[PDB]
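entry_21.pdb follows; it contains PDB, C-alpha atoms (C1' of nucleotides).
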MODEL        1
ATOM      1  CA  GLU A   1      -0.381   9.015 -65.625  1.00  0.00           C
ATOM      2  CA  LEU A   2       2.299   8.637 -62.943  1.00  0.00           C
ATOM      3  CA  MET A   3       2.447  12.326 -62.007  1.00  0.00           C
ATOM      4  CA  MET A   4      -1.271  12.088 -61.345  1.00  0.00           C
ATOM      5  CA  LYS A   5      -0.594   8.851 -59.459  1.00  0.00           C
ATOM      6  CA  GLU A   6       2.650   9.496 -57.578  1.00  0.00           C
ATOM      7  CA  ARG A   7       1.522  12.950 -56.461  1.00  0.00           C
ATOM      8  CA  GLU A   8      -1.931  11.906 -55.305  1.00  0.00           C
ATOM      9  CA  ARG A   9       0.031   9.484 -53.100  1.00  0.00           C
ATOM     10  CA  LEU A  10       2.135  12.333 -51.718  1.00  0.00           C
ATOM     11  CA  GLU A  11      -0.797  14.483 -50.584  1.00  0.00           C
ATOM     12  CA  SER A  12      -2.217  11.691 -48.422  1.00  0.00           C
ATOM     13  CA  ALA A  13       0.795  11.089 -46.215  1.00  0.00           C
ATOM     14  CA  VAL A  14       0.631  14.787 -45.344  1.00  0.00           C
ATOM     15  CA  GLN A  15      -2.926  13.764 -44.350  1.00  0.00           C
ATOM     16  CA  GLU A  16      -1.512  12.336 -41.141  1.00  0.00           C
ATOM     17  CA  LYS A  17      -1.346  15.725 -39.506  1.00  0.00           C
ATOM     18  CA  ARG A  18      -4.432  14.473 -37.667  1.00  0.00           C
ATOM     19  CA  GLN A  19      -2.412  13.199 -34.708  1.00  0.00           C
ATOM     20  CA  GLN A  20      -1.128  16.760 -34.243  1.00  0.00           C
ATOM     21  CA  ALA A  21      -4.674  18.066 -33.724  1.00  0.00           C
ATOM     22  CA  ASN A  22      -5.794  15.493 -31.145  1.00  0.00           C
ATOM     23  CA  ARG A  23      -3.765  17.018 -28.289  1.00  0.00           C
ATOM     24  CA  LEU A  24      -5.631  20.262 -29.011  1.00  0.00           C
ATOM     25  CA  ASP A  25      -8.992  18.827 -30.001  1.00  0.00           C
ATOM     26  CA  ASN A  26     -11.328  21.574 -28.875  1.00  0.00           C
ATOM     27  CA  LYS A  27      -8.031  23.557 -28.583  1.00  0.00           C
ATOM     28  CA  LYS A  28      -9.242  25.681 -25.685  1.00  0.00           C
ATOM     29  CA  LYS A  29      -9.160  23.393 -22.656  1.00  0.00           C
ATOM     30  CA  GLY A  30      -8.628  19.882 -23.803  1.00  0.00           C
ATOM     31  CA  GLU A  31      -8.146  17.770 -20.748  1.00  0.00           C
ATOM     32  CA  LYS A  32      -8.308  15.178 -23.448  1.00  0.00           C
ATOM     33  CA  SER A  33      -9.381  11.530 -23.658  1.00  0.00           C
ATOM     34  CA  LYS A  34      -5.847  10.203 -23.484  1.00  0.00           C
ATOM     35  CA  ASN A  35      -4.593  12.033 -20.384  1.00  0.00           C
ATOM     36  CA  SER A  36      -5.472   9.139 -18.078  1.00  0.00           C
ATOM     37  CA  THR A  37      -3.379   6.541 -19.953  1.00  0.00           C
ATOM     38  CA  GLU A  38       0.058   8.087 -20.026  1.00  0.00           C
ATOM     39  CA  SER A  39       2.579   6.012 -17.928  1.00  0.00           C
ATOM     40  CA  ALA A  40       5.100   8.745 -18.813  1.00  0.00           C
ATOM     41  CA  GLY A  41       6.094   9.442 -15.230  1.00  0.00           C
ATOM     42  CA  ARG A  42       9.810   9.944 -15.933  1.00  0.00           C
ATOM     43  CA  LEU A  43      10.210   6.179 -16.314  1.00  0.00           C
ATOM     44  CA  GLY A  44       8.501   3.473 -18.226  1.00  0.00           C
ATOM     45  CA  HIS A  45      10.560   4.442 -21.245  1.00  0.00           C
ATOM     46  CA  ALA A  46       7.887   5.180 -23.844  1.00  0.00           C
ATOM     47  CA  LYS A  47       7.922   6.918 -27.211  1.00  0.00           C
ATOM     48  CA  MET A  48       6.197  10.279 -27.073  1.00  0.00           C
ATOM     49  CA  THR A  49       3.763  11.509 -29.718  1.00  0.00           C
ATOM     50  CA  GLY A  50       6.043  14.212 -31.129  1.00  0.00           C
TER      51      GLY A  50
ATOM     52  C1'   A B   1     -26.052  12.301  -0.267  1.00  0.00           C
ATOM     53  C1'   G B   2     -20.491  19.256  -0.830  1.00  0.00           C
ATOM     54  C1'   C B   3     -15.977  21.838  -3.303  1.00  0.00           C
ATOM     55  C1'   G B   4     -10.708  22.109  -2.994  1.00  0.00           C
ATOM     56  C1'   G B   5      -4.854  21.663  -1.354  1.00  0.00           C
ATOM     57  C1'   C B   6      -1.482  18.188   0.901  1.00  0.00           C
ATOM     58  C1'   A B   7       5.262  16.661  -5.373  1.00  0.00           C
ATOM     59  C1'   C B   8      -2.710  15.940  -9.846  1.00  0.00           C
ATOM     60  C1'   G B   9      -1.192  13.177  -0.465  1.00  0.00           C
ATOM     61  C1'   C B  10       0.119   8.009   0.119  1.00  0.00           C
ATOM     62  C1'   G B  11       4.131   1.619  -4.248  1.00  0.00           C
ATOM     63  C1'   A B  12      12.155   1.143   1.321  1.00  0.00           C
ATOM     64  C1'   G B  13       2.941   0.126   2.955  1.00  0.00           C
ATOM     65  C1'   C B  14       0.008  -3.807  -1.058  1.00  0.00           C
ATOM     66  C1'   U B  15      -2.262  -4.740  -5.999  1.00  0.00           C
ATOM     67  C1'   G B  16      -0.802  -4.534 -11.882  1.00  0.00           C
ATOM     68  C1'   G B  17      -7.047  -4.124 -14.886  1.00  0.00           C
ATOM     69  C1'   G B  18      -5.027   0.587 -18.206  1.00  0.00           C
ATOM     70  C1'   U B  19      -1.203   2.689 -22.185  1.00  0.00           C
ATOM     71  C1'   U B  20       3.690   2.101 -25.840  1.00  0.00           C
ATOM     72  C1'   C B  21       9.231  -4.050 -24.270  1.00  0.00           C
ATOM     73  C1'   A B  22      10.370  -8.926 -27.121  1.00  0.00           C
ATOM     74  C1'   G B  23       5.280 -13.211 -30.132  1.00  0.00           C
ATOM     75  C1'   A B  24       0.750 -12.901 -33.560  1.00  0.00           C
ATOM     76  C1'   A B  25      -3.554 -11.158 -36.595  1.00  0.00           C
ATOM     77  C1'   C B  26      -7.751  -7.497 -38.986  1.00  0.00           C
ATOM     78  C1'   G B  27      -8.511  -2.732 -41.744  1.00  0.00           C
ATOM     79  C1'   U B  28      -5.406   1.379 -44.273  1.00  0.00           C
ATOM     80  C1'   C B  29      -1.014   3.861 -46.523  1.00  0.00           C
ATOM     81  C1'   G B  30       4.009   2.101 -49.079  1.00  0.00           C
ATOM     82  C1'   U B  31       7.170  -1.441 -55.122  1.00  0.00           C
ATOM     83  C1'   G B  32       9.782  -2.665 -50.249  1.00  0.00           C
ATOM     84  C1'   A B  33      12.108  -3.471 -45.021  1.00  0.00           C
ATOM     85  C1'   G B  34       8.433  -1.675 -41.871  1.00  0.00           C
ATOM     86  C1'   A B  35       4.602   1.899 -39.785  1.00  0.00           C
ATOM     87  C1'   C B  36      -0.244   4.244 -37.696  1.00  0.00           C
ATOM     88  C1'   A B  37      -3.180   8.445 -29.230  1.00  0.00           C
ATOM     89  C1'   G B  38      -6.993   3.144 -35.137  1.00  0.00           C
ATOM     90  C1'   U B  39      -8.850  -1.752 -32.820  1.00  0.00           C
ATOM     91  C1'   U B  40      -7.870  -7.066 -30.429  1.00  0.00           C
ATOM     92  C1'   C B  41      -5.761 -11.825 -27.100  1.00  0.00           C
ATOM     93  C1'   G B  42      -0.883 -12.858 -23.933  1.00  0.00           C
ATOM     94  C1'   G B  43       3.424 -10.686 -20.867  1.00  0.00           C
ATOM     95  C1'   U B  44       9.621 -11.112 -13.846  1.00  0.00           C
ATOM     96  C1'   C B  45       7.318  -5.174  -9.078  1.00  0.00           C
ATOM     97  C1'   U B  46      14.104  -6.473  -4.619  1.00  0.00           C
ATOM     98  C1'   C B  47      14.179 -11.365   3.328  1.00  0.00           C
ATOM     99  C1'   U B  48      18.313  -7.994   7.454  1.00  0.00           C
ATOM    100  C1'   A B  49      16.568   0.519   9.287  1.00  0.00           C
ATOM    101  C1'   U B  50      22.949   3.447  10.686  1.00  0.00           C
ATOM    102  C1'   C B  51      20.578   9.055  11.793  1.00  0.00           C
ATOM    103  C1'   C B  52      16.116  12.772  12.391  1.00  0.00           C
ATOM    104  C1'   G B  53      10.352  11.446  13.218  1.00  0.00           C
ATOM    105  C1'   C B  54       6.377   8.356  15.813  1.00  0.00           C
ATOM    106  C1'   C B  55       3.961   4.449  19.329  1.00  0.00           C
ATOM    107  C1'   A B  56       5.337   1.894  24.531  1.00  0.00           C
ATOM    108  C1'   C B  57       8.709   0.306  28.366  1.00  0.00           C
ATOM    109  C1'   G B  58      13.915   0.629  31.101  1.00  0.00           C
ATOM    110  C1'   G B  59      19.365   2.002  33.380  1.00  0.00           C
ATOM    111  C1'   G B  60      22.649   6.006  35.955  1.00  0.00           C
ATOM    112  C1'   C B  61      23.654  11.167  38.622  1.00  0.00           C
ATOM    113  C1'   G B  62      19.906  15.038  40.021  1.00  0.00           C
ATOM    114  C1'   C B  63      15.733  17.973  43.674  1.00  0.00           C
ATOM    115  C1'   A B  64      22.136  19.459  49.096  1.00  0.00           C
ATOM    116  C1'   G B  65      20.871  14.313  56.470  1.00  0.00           C
ATOM    117  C1'   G B  66      18.796   8.468  54.614  1.00  0.00           C
ATOM    118  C1'   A B  67      13.957   5.857  53.742  1.00  0.00           C
ATOM    119  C1'   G B  68       8.757   4.424  53.147  1.00  0.00           C
ATOM    120  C1'   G B  69       3.201   6.363  52.104  1.00  0.00           C
ATOM    121  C1'   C B  70      -0.821   9.212  50.393  1.00  0.00           C
ATOM    122  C1'   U B  71      -1.319  13.237  47.319  1.00  0.00           C
ATOM    123  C1'   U B  72      -2.435  19.181  44.857  1.00  0.00           C
ATOM    124  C1'   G B  73      -2.263  20.845  39.884  1.00  0.00           C
ATOM    125  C1'   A B  74       0.909  24.788  35.887  1.00  0.00           C
ATOM    126  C1'   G B  75       0.345  22.143  31.088  1.00  0.00           C
ATOM    127  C1'   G B  76      -1.476  18.653  27.339  1.00  0.00           C
ATOM    128  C1'   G B  77      -4.817  14.990  25.269  1.00  0.00           C
ATOM    129  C1'   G B  78      -9.718  12.333  24.257  1.00  0.00           C
ATOM    130  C1'   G B  79     -14.877  13.104  23.834  1.00  0.00           C
ATOM    131  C1'   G B  80     -18.773  16.873  20.859  1.00  0.00           C
ATOM    132  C1'   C B  81     -24.069  13.503  16.275  1.00  0.00           C
ATOM    133  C1'   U B  82     -29.112  13.183  14.624  1.00  0.00           C
TER     134        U B  82
ENDMDL
END
Could you rewrite the structure in this file as structure tokens?
Amino acid sequence: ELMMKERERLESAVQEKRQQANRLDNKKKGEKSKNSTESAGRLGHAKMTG
RNA sequence: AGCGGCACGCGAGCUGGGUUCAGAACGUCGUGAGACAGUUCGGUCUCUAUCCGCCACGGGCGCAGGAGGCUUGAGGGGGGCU
């Protein structure tokens, strides 16, 4: 009952590949709905998404 | 009641609403410290311009006797609506 518990757990933290697919949402030309809130202009030391 | 470039023009010209500095809470994953382009309320922006560039006003020797006065125009700018 643990291998059907502690492996259902494992296949739902690989379910946070969703923040990979938001940069390419429509994947063709996503000038996306986060590209006006970046502050990443070489300074303002901020953690990137990758 | 246009489209586009000018380091997605412009912070040694000004603002700091946005997002991702330290505080705190909701949902969700984790036994746990913690975490999530998922949401929410708070958060320090620096008196003296050396050199090119620009806007206005000056000091010398020039135009081959020393001075006053009125002037032409090479060239360049502003103005152009409905």
Proximal residues of chain A relative to chain B (only C-alpha atoms (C1' of nucleotides); 6 Å) as a PDB file with C-alpha atoms, in the coordinates of the input:
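File part34.pdb, as written:
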ATOM      1  CA  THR A  37      -3.379   6.541 -19.953  1.00  0.00           C
ATOM      2  CA  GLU A  38       0.058   8.087 -20.026  1.00  0.00           C
ATOM      3  CA  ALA A  46       7.887   5.180 -23.844  1.00  0.00           C
TER       4      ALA A  46
END
For segment 34-36 of chain A, please output as a PDB file with C-alpha atoms (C1' of nucleotides), keeping the file's coordinate frame all residues within 12 Å (counting only C-alpha atoms (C1' of nucleotides); exclusion window: fewer than 3 positions along the same chain).
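Result written to part36.pdb:
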ATOM      1  CA  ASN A  22      -5.794  15.493 -31.145  1.00  0.00           C
ATOM      2  CA  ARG A  23      -3.765  17.018 -28.289  1.00  0.00           C
ATOM      3  CA  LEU A  24      -5.631  20.262 -29.011  1.00  0.00           C
ATOM      4  CA  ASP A  25      -8.992  18.827 -30.001  1.00  0.00           C
ATOM      5  CA  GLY A  30      -8.628  19.882 -23.803  1.00  0.00           C
ATOM      6  CA  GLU A  31      -8.146  17.770 -20.748  1.00  0.00           C
ATOM      7  CA  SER A  39       2.579   6.012 -17.928  1.00  0.00           C
ATOM      8  CA  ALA A  40       5.100   8.745 -18.813  1.00  0.00           C
ATOM      9  CA  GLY A  41       6.094   9.442 -15.230  1.00  0.00           C
ATOM     10  CA  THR A  49       3.763  11.509 -29.718  1.00  0.00           C
TER      11      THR A  49
ATOM     12  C1'   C B   8      -2.710  15.940  -9.846  1.00  0.00           C
ATOM     13  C1'   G B  18      -5.027   0.587 -18.206  1.00  0.00           C
ATOM     14  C1'   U B  19      -1.203   2.689 -22.185  1.00  0.00           C
ATOM     15  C1'   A B  37      -3.180   8.445 -29.230  1.00  0.00           C
TER      16        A B  37
END
Margin query: Give me, as number ranges by chain, all polymer residues having an atom no more than 12 Å from residue 28 of chain B, counting all atoms listed in the file and skipping those fewer than 5 positions away in the same chain.
Written below: A: 12-13; B: 35-36, 38
Next item on the list: For atom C1' of residue 52 of chain B and atom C1' of residue 6 of chain B, quote the distance in Å rounded to one decimal.
Entry: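 Atom-to-atom, atom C1' of residue 52 of chain B and atom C1' of residue 6 of chain B are spaced 21.7 Å apart.
Here atom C1' of residue 77 of chain B is placed at a distance of 24.3 Å from atom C1' of residue 58 of chain B.
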Next item on the list: Find the distance between atom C1' of residue 3 of chain B and atom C1' of residue 79 of chain B and write it in Å to one decimal.
Entry: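 Those two atoms sit 28.5 Å apart.
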Item checked: Nearest to residue 46 of chain B by atom-to-atom distance, counting all atoms listed in the file, from B:12, B:26, B:7, B:1 ->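 Checking each candidate against residue 46 of chain B, we get B:12 as the closest.
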